[PDB]
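**Q**
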Amino acid sequence: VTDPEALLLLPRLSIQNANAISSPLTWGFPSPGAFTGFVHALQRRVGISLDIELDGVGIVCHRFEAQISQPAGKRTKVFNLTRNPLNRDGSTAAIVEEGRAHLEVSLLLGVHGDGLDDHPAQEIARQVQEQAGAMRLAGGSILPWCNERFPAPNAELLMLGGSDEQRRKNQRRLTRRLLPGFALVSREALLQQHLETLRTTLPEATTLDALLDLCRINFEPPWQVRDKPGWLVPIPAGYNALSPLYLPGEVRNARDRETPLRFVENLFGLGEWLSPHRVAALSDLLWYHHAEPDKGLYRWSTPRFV
Amino acid sequence: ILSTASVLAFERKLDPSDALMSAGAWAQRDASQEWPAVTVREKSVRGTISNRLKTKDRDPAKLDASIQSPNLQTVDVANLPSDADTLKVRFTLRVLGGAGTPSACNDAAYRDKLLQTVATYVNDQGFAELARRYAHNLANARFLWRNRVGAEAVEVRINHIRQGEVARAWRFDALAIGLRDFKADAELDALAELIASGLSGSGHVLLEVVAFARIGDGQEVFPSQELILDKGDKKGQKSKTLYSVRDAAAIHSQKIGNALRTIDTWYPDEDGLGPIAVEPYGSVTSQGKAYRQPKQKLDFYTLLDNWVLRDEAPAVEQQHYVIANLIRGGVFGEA
Amino acid sequence: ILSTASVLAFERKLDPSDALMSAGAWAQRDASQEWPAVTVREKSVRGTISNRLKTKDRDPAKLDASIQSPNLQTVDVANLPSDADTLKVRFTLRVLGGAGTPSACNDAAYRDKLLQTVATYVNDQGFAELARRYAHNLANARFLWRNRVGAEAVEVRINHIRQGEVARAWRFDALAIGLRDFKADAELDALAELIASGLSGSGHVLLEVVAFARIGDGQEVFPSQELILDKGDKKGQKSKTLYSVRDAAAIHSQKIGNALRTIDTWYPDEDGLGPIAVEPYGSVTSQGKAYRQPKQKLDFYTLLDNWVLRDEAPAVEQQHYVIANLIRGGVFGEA
Amino acid sequence: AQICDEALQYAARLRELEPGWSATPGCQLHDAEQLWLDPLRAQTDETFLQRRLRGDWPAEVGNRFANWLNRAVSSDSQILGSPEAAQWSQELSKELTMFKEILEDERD
Amino acid sequence: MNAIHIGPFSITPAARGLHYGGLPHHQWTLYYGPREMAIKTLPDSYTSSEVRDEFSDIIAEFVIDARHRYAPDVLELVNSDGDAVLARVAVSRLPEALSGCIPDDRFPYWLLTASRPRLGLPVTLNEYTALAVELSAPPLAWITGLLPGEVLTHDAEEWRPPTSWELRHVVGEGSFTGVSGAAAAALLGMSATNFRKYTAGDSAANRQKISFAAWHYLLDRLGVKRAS
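Protein chains in written order, with our numbering: chain U, -9 to 296; chain V, 6 to 340; chain H, 6 to 340; chain C, 1434 to 1541; chain P, 5 to 232.
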């Protein structure tokens, strides 16, 4: 919703057991809403004391490992589980299938505020790094890099460049820092135009079928494969309204009785993983919240991408 | 009903060793036991367009653009040293015998009938015309394939190595004994009876064959050429690879055996070409055609099936061709 | 029905050996038997940036940073010894014959028609003009390519070896025999008659050609340049290597053969430049322009097809060119 | 573009290897590409090879990769006769210009 | 459990049984003729259908391989220049007049072979139709690669009757031609049971051998041989 005055690079963060089930329809890399919520929790915890705002997160995902296995005779996969403790009668409890993933991601954070002029860049960078080293990113603990060879501090780069060439060199150096990974971006325009292409191909086609067609490998008879522009993952694109926004004390057993609750349904969109050298600026990769609370639509996206 | 056996594999008689190439000088061939071997070296070739264009590369601009991108290659080359004009080729030939007996035969009764057919052949005429023609191919250096088309003088020495020592020596002139005529000579007849005793089963025959060719000082000698995997870059393409055994150029053994096999003159086509190799359906790779077609009923299989199954014995020339194929050997019978 | 054969592989005639390079002094050439061979050596070069820039390297500071880092190579150079102003180059040439007979062919009818066409050509006008032009290309040191360009005096000796001994010696003077004029000389007619006897199959011809060029004391000679795989570093990048056989710099045999093939003065463009090489589509790689384009129907393939199939015999110089292409050999046919 | 992206990605995981693997002994180890293969050997050698990558600024290696990319094109004369080869060479030159510019500022 | 006969293939399980993990299993082997192919251990619980579809991959692979192995030759009708191919015909047997050939400007049409060594003949269009009529390959001619030369000869003295396996290539079930036993019976003009004596082997009872004319007419109707 705003252009960041600076970009803070949180380095390689090893998230231990992240929620591999991103959505009721998708598994794998966690939701971008988890990353945006983590950055908002960082702004809630240490952002206010530094007189800065932390909005917008760019994910690089340097490493992914899924705690999964492939059973013999099946082409699908299953989630490795954890043994929950027994009940009070000594019996095994009912198992809820929860999957885990070891992530290694680096985050670009959009920083704007007067506190950037009040503190050194390395000071606020080290403060938000030591705050983020005791938090969670998708349900997993963050490994804070103890007793390895060379630890990685941040590099907060001011986006108000004095010259266009110096700004370009800064963005290319920051892209070179986060090199072995893929920027995950939102593709609402690509999914909508593919929906229009399928509607010209066949009418009454929903956005779900256009999302599904952009993920399966289509085999065409003369036997070739229908190509895709990018990786084109199905991402959770936010939450849509399923109920009116009830009063803060209205909903029974809410998390807090001061925040209003509204039952939601998952919104599914198309995301794309790209090499981060294929972007004009690294501020395009930032994932922003977008509530629009009168109509539900509690989305996260990448505005100012293309 | 005495049908043909489904499996009729035959072992080859007249097994040649790999023909090692060395380099040397004329009149030193009586002491050519220390001669340095011909080494397969490398040289770079730059080429322009010299093939037929398929009516789309015939435009002047496209042809000139193809000229400005020459095809650079590296070729394995075999040349004599500048003080060496003589190319020496040495191989051993082992004559086994028992050409009637197949290595594999499904039908006993067919095996007995084929053995009786070969026995009645040998009782009619032994391994004497075939051994004479094989001895003629020994005497001329037909195993020197392209190292004889421009050779000034070729000489072949054949030794009978009985107990690791020369039991009988023969020296020949490979240019006087041509590649066309199967004449008669006393030393050629003695080598014919030696190959006859080897092929019948009278004794063990091992022949050491040494060849000397007056090509020229530093000229290119032609070994057998290998097969190219075609994996590297187009600059160092390695279009041609020659055959060597231990840092030493050589001819393939089956090439020597095919050149000794070149005795078949009884094919139904004319004698304008001369002898061809004794193949089933009389195939010649250079001419790209098959003498002794199955349509003209003079291939090996029709002649053998008439000779064995229904006792229709062919002419003695076709009998020689059939027994020469049995000496040559192969996977006969239906797969 | 006489279609052109799909394969028409021709063995090359005028087979040259690899031309070894040694160095010495002038008028010691008669004692040039044990001259020290030219050895390829290494020398280091650093260079300024001197190619044409693409309008973005033309900035002053960026070009300044370019010249501040000169590029480094190790080039193989071939130089004479300082007590040597004369370069000796030795090769042998084999004249085979049977120029119209392909080594590999598909259609026997087309092969017989091409053989009859070549025999008809030999019948009216035998191998005399082509052999005279090849004698001229032996007479001038065209195989000393950049290697007689700045020579004060060039001399060529062509000896005829019969039984390991010299038969006819042809001492020449390559300054008199020009690189453009195909005149007549009695010794050149004698060499033409010898190459005529070799090309017609009358006898075996092996010629030892030695060229002495007076370049300068310790100057640069120009052997054949090889191909570099570029598997080293960038400082010692080895950007240029020169060809040698055994610690002795030399010229490639195909370069000598392309030098002897430069007899083609009958290309449809202007011949004031001089002779070009015998080749299909008349393609010289220095000019980058093909004379005898297939548009003008003066190339080898159109003339050969018109001569053999349609029996449209071309101009006499053009059938000289066609038979010279058959002498040089090729992979004519479908490619 | 995706292919040269993966080349950078390959170099990216070459940042995960040993600091001095390029200094090991060997007859052939692609020393022309070794200035970009191992950027960390400038930490290993103070002046033996650290100044070499700075002075040389190796950006021609992608041209070698372009040669490998020239093995990714079809061997069709219809493309070479028409302007399809011209468009292929234009987009190849633009993308390896971007690749060489990426490889130029590796020293920062 | 027992062998599943799919095409000429037999999925024969092993008599012995094992219990990998906590489940029973069986060594199932795919036989093409007397030759085994791909072998996989299938759990006893697996259904016969599961077994078949499981090996279906190997089955399909073999079929594809065979088709490629015996793909018929193809002659090209080209113009005088020879670079442009106006027509392509899948030949059954190459003509007996073609030789090393390349199209010449003299003749407008030339027939050539698909291989590099282009052997051919200069023919007009009516002779091209005549050659295409007498030497065309039927659509399922590749199965003639899998059949021996004795069962495909047109001479009765050299003709050998097909076995149960050789007939079972192309009669019923998941065959290479895809037809059923009743369809192959209706092609030959007789009822299903008389063809079932031809298909079923084992003992000499209900093992009448198919005649030469009936076998060649069946090959004609299935588009495998002689179907121009």
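Think of the CB as a built atom: it goes at the ideal place given N, C-alpha and C, for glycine as much as any other residue.
Could you compute how far the alpha carbon of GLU1439 (chain C) sits from the alpha carbon of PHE217 (chain H)?
**A** Near 58 Å, if we compare the C-alpha coordinates of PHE217 (chain H) and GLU1439 (chain C).
**Q** Assuming the contact rule is C-beta atoms closer than 8 Å, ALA195 (chain U) and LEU185 (chain U) should be a hit. Round their C-beta distance to whole Å, please.
**A** Sure, about 7 Å apart at Cβ, within 8 Å.
**Q** Just to confirm, is the Cβ distance from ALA231 (chain U) to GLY286 (chain U) under 8 Å?
**A** Yes, these two residues count as a Cβ contact at 8 Å.
**Q** Identify, in the order they occur along the chain, each residue of the same chain with its Cβ nearer than 7 Å to the Cβ of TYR132 (chain P), setting aside the five sequence neighbours on each side.
**A** If we look at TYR132 (chain P) and ignore the five residues flanking it on each side, its Cβ neighbours are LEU81, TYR113 and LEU115.
**Q** Name the chain P residues whose beta carbon is nearer than 7 Å to that of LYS59 (chain V)?
**A** Near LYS59 (chain V) (Cβ distances below 7 Å), the residues of chain P are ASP87.
**Q** For a test of the three-state rule: what should DSSP assign to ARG251 (chain V), helix, strand or coil?
**A** Reduced to three states, the DSSP call for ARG251 (chain V) is coil.
**Q** Nearest chain C C-beta to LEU(-3) (chain U) closer than 8 Å, yes or no?
**A** By this cut-off, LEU(-3) (chain U) is not an interface position.
**Q** Taking contact to mean 3 or more Cβ pairs, one atom from each stretch, closer than 8 Å, check whether the segment 207 to 223 of chain H and the segment 244 to 258 of chain H are in contact.
**A** No contact exists between the segment 207 to 223 of chain H and the segment 244 to 258 of chain H.
**Q** Hey, is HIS267 (chain U)'s beta-carbon within less than 8 Å of any beta-carbon in chain C?
**A** Closer than 8 Å: yes.
**Q** Hey, how far is the Cα of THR290 (chain V) from the Cα of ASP217 (chain U)?
**A** Taking the straight line joining both Cα atoms gives about 47 Å.
**Q** Compute the Euclidean distance between the alpha carbons of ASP154 (chain U) and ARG162 (chain U), then round it to the nearest angstrom.
**A** If I take the Cα positions, the gap works out to 12 Å.
**Q** Could you list which residues in chain U have their beta carbon closer than 7 Å to that of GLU1537 (chain C), in chain order?
**A** Near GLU1537 (chain C) there are no residues of chain U at all, since even the closest Cβ is about 10 Å away, more than 7 Å.
**Q** Select from the segment 51 to 79 of chain V all residues with a C-beta closer than 7 Å to any C-beta belonging to chain C, and list them in chain order.
**A** Those residues of the segment 51 to 79 of chain V that come within reach of chain C (Cβ to Cβ, closer than 7 Å) are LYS61, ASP62 and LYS67.
**Q** Can the beta-carbon of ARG153 (chain V) be found closer than 8 Å to that of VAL159 (chain V)?
**A** Contact: yes.
**Q** Compare the C-alpha of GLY223 (chain V) against each of V:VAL43, V:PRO86 and V:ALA124 and name the closest.
**A** Ranking the options by Cα distance to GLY223 (chain V), first place goes to V:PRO86.
**Q** Should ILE163 (chain H) be labelled buried (16 or more other beta-carbon atoms within 10 Å of its own) or exposed?
**A** It is buried - the Cβ of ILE163 (chain H) has at least 16 other Cβ atoms within 10 Å.
**Q** Of all Cβ atoms in chain C, is any one closer than 8 Å to the Cβ of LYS285 (chain U)?
**A** Taking Cβ atoms only, chain C never reaches closer than 8 Å to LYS285 (chain U), which makes this a no.
**Q** Give the list of continuous alpha helix (DSSP H) stretches no shorter than 4 residues that lie fully inside the segment 12 to 98 of chain V.
**A** List check, alpha helix (DSSP H) in window: 65 to 72.
**Q** If contact means a Cβ-Cβ distance below 8 Å, which residues of the segment 157 to 188 of chain P contact chain V?
**A** Taking 8 Å as the Cβ-Cβ cut-off against chain V, none of the residues of the segment 157 to 188 of chain P qualify.
**Q** Tell me whether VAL283 (chain V) is buried or exposed, calling it buried when 16 or more other Cβ atoms sit within 10 Å of its Cβ.
**A** By the 10 Å Cβ count, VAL283 (chain V) comes out buried.
**Q** I want to verify the contact list: residues of chain C whose CB lies under 7 Å from the CB of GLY237 (chain H), in sequence order.
**A** Residues of chain C passing the Cβ test: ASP1464.
**Q** Could you give the distance in angstroms between the alpha-carbon of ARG35 (chain U) and the alpha-carbon of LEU198 (chain U)?
**A** Each residue's alpha carbon lies about 38 Å from the other.
**Q** Just to check my reading of the structure: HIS325 (chain V) and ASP23 (chain V) have Cβ atoms closer than 8 Å, yes? What is that Cβ distance to the nearest angstrom?
**A** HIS325 (chain V) to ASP23 (chain V), Cβ: 29 Å. No contact.
**Q** State buried or exposed for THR82 (chain U), treating a residue as buried only when at least 16 other CB atoms are found within 10 Å of its CB.
**A** Label assigned to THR82 (chain U): exposed.
**Q** Taking the straight line between their C-alpha atoms, what separation do you get for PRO273 (chain V) and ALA136 (chain V)?
**A** So the two alpha carbons sit approximately 22 Å from each other.
**Q** Just to confirm, is the Cβ distance from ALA104 (chain V) to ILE328 (chain V) under 8 Å?
**A** Closer than 8 Å, so yes.
**Q** With 16 as the cutoff for other CB atoms within 10 Å, does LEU147 (chain U) come out buried or exposed?
**A** Buried: at least 16 other Cβ atoms inside 10 Å.
**Q** For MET41 (chain P), name the three-state secondary structure that DSSP assigns.
**A** Correct three-state label for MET41 (chain P): strand.
**Q** Strictly below 8 Å CB to CB, what residues from chain H border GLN1461 (chain C)?
**A** Under the 8 Å cutoff, chain H gives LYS236.
**Q** Can you find a CB in chain V that lies within less than 8 Å of the CB of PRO99 (chain P)?
**A** Chain V contact via Cβ: absent.
**Q** Taking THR79 (chain V) and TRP31 (chain V) to be in contact with their CB atoms under 8 Å, please state how far apart those CB atoms are, rounded to whole angstroms.
**A** That belief does not hold up - the Cβ atoms of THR79 (chain V) and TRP31 (chain V) are roughly 32 Å apart, past 8 Å.
**Q** Flag this pair as yes or no: are the beta carbons of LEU7 (chain V) and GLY338 (chain V) separated by less than 8 Å?
**A** No, the Cβ-Cβ distance between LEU7 (chain V) and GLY338 (chain V) is not below 8 Å.
**Q** Is there a Cβ of chain U sitting closer than 8 Å to that of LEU1482 (chain C), yes or no?
**A** Not an interface residue.
**Q** Following the continuous alpha helix (DSSP H) through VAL155 (chain P), name the residue where it begins and the one where it ends.
**A** From DSSP, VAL155 (chain P) is part of no alpha helix (DSSP H); its letter is neither H nor E.
**Q** For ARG333 (chain H), which of helix, strand or coil comes out of DSSP?
**A** The answer is helix: DSSP assigns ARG333 (chain H) an H, G or I state.
**Q** Between the segment 259 to 278 of chain U and the segment 36 to 45 of chain V, do three or more beta carbon pairs fall short of 8 Å?
**A** The segment 259 to 278 of chain U vs the segment 36 to 45 of chain V: no contact.
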